[PDB]
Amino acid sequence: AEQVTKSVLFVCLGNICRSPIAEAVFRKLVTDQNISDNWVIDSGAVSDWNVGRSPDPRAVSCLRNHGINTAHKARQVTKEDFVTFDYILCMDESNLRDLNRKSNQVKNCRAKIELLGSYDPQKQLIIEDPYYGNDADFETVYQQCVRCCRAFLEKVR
């Protein structure tokens, strides 16, 4: 077994609810397909408000419900992110606008930035912020992530 090394950065506003879910789901996909050795995976925030923090407890228990774990600490997206990741996948239009803006200040930006939901076979473009919702909202986010992440992987795999 030998290939090339790819990388994806999952992005949300706070990197506390959504992207940690996407990231963890994605590591699990890769792990299950015996391709971890060829992937660099990470998640970050548009905002710096929550850096250093662990993931919302509802996100942690949602993943646990699905047999998945995470040890993520919130971090901010940085300028080098744009030259080091193959892809930057975000949750909603606001994240999208925000990243595009930053990436501009980036000369040799090589990252492709897109909505993770653009990969949804069900076409639910946006991954709604679950912060003020309840346990079922987290569950629905997990579900979207699963669909989108499987779809994404099948095409760049």
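Numbering starts at 1 and runs along the sequence shown.
The question of which stretch, 131-139 or 16-24, has the higher mean Cα B factor is settled in favour of 131-139.
Looking at mean Cα B-factors across 94-102 and 46-54, the upper value is held by 94-102. For the set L115, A59, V40, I35, the PDB entry assigns the largest Cα B-factor to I35. Per the PDB record, residue ranking by Cα B-factor puts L153 in the middle third of the chain. For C109, the recorded CA B-factor ranks within the highest third of the chain. Only modelled residues enter the ranking. In the PDB entry, a CA B factor belonging to the lowest third of its chain's modelled residues is recorded for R75.
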